[PDB]
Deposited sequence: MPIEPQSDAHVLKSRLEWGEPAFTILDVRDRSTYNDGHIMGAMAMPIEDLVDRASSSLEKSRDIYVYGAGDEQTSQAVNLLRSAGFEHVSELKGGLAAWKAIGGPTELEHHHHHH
């Protein structure tokens, strides 16, 4: 129901997993979306607003920074890197799914 949803929803944010889909399938940050870096710009730009709070993580920090930079170069105004990726996330007991 809509009320149900309205309840769950500061501003909207989205978590992007830029690793390969297969890796995503083995496990990812809960709610994160699979957008392999190869098609990141196209998939991100076609589905989100440039003002969306976006949290990104790849297999390493270099891949994470490449992705973050790509998004910004594509007009995204609020992109942040998730240092440590999935590993650091799991270390603070962050929810994951597969």
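Unmodelled regions of the deposited sequence, numbered from residue 1: 1 to 7, 17 to 19, 109 to 115.
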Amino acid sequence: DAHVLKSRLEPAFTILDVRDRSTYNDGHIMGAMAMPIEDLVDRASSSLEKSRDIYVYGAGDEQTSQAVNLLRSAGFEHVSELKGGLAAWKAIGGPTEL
From here on, numbers count along this sequence of modelled residues.
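Per the deposited coordinates, the residue with the largest Cα temperature factor out of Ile15, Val18, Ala88, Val79 is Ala88. Looking at the C-alpha B-factors along this chain, the one for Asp26 belongs to the highest third. In this PDB entry, the Cα temperature factor of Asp42 sits in the bottom third of its chain's modelled residues, the lowest group.
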